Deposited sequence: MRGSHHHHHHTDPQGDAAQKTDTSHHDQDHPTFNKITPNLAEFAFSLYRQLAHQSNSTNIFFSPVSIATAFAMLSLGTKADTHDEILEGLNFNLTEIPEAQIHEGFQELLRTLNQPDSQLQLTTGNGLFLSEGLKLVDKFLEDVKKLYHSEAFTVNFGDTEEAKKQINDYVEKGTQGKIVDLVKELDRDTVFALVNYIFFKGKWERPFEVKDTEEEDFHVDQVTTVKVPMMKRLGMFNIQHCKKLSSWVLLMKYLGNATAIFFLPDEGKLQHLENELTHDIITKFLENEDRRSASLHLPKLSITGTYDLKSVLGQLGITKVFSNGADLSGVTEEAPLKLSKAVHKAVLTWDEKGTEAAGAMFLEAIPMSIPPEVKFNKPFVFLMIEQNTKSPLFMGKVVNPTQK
């Protein structure tokens, strides 16, 4: 877990950038999927192009050897590819006229368990369908029309996708789910199905964050951390985000009773990694002065296209399992309603790594 702290800081760097450009749109991305994708691309990069990518991923190249970086990602992908669905993959698409280096192809297939392909970019409309078909077939139809524009001069494209529909270890009762108002702001109200169960949760009010912190667990040894900011404290919560937040309450075995109002969510996020990671300091690999000599030996190459799409869905529970033995509330429990915008994190317990991070301003987006 040597690379775990780097991913956490990279996630908060990525989130603070996305929240900076838009304060009224949903945010949802996978820090692990993006970092694994561009670390794989680093194996075909050299000199400053290689160093920019790793430095932009919050890796201190003077303190962590390059092998440990790539080895840490391989161990992380091994844990993911074992129970949780987590249908993820990265596709490298290159012009059929380029002589791809075999060492890069071997490392992509072996180290990162990823696939490369050759496609004719002369037909923009045809290539877009072909790329969107491999993603659609890979996701079993979960992700469609991932690519919506291919330039006529495209010669190299990267697509990163991830899908997660998780089942709660402690489920919800569909009969108790009710439609309630979600207040996106002072003037906007959306009617959303609100999952509601009274019971005991790993829920607590953190004065440092000025937010309610709820941790509910998914089957697959992955835990979801929900942050409900207090009134006017959303920015304060974002300011005070640090890796200690992830680990602070994951170890808590204590439970407190509360009436929970959590809306059903189906959230998607599509980002142009070229623009976003360009704001984080990764620019050379996208420019004409790139060093992708580890991919093609004899021709100038640059990464023309880089897209990331993350899709997540959670419901009340599928098929019914067994009841969870419950401690009946002996008193009036506090009511924690997620009727206002909130921040959430998905953490893989074994690696303590961020799978998904996002902010929900409208459940119906």
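Unmodelled regions of the deposited chain sequence (numbering from residue 1, in sequence order): 1 to 33, 116 to 118, 354 to 355, 404.
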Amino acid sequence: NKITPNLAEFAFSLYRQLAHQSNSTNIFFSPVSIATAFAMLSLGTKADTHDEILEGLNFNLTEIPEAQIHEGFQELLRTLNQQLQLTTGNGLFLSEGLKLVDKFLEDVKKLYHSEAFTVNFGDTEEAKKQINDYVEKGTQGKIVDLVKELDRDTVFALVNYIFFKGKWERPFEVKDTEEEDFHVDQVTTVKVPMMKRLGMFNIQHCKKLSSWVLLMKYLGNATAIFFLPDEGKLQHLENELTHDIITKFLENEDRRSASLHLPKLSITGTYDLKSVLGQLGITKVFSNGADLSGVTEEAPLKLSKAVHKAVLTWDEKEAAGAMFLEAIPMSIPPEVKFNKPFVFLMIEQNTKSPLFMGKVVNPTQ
From here on, numbers count along this sequence of modelled residues.
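For the segment pair 205 to 213 and 141 to 149, the entry gives 141 to 149 the higher mean B-factor, averaged over Cα atoms.
Mean C-alpha B-factor is higher over 326 to 334 than over the other stretch, the pair under comparison being 326 to 334 and 38 to 46. Based on the entry's C-alpha B-factors, the most elevated value among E240, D272, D291, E173 belongs to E173.
Taking the deposited Cα B-factors for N339, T313, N26, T62, the highest one is held by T62. In the PDB entry, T87 places in the middle third of its chain by CA B-factor. Ranked by C-alpha B-factor against the other modelled residues of its chain, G321 falls in the highest third. For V108, the recorded CA temperature factor ranks within the highest third of the chain's modelled residues. Per the PDB record, residue ranking by Cα B-factor puts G232 in the middle third of the chain.
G97: CA B factor in the highest third of modelled residues in this chain (values from the PDB entry).
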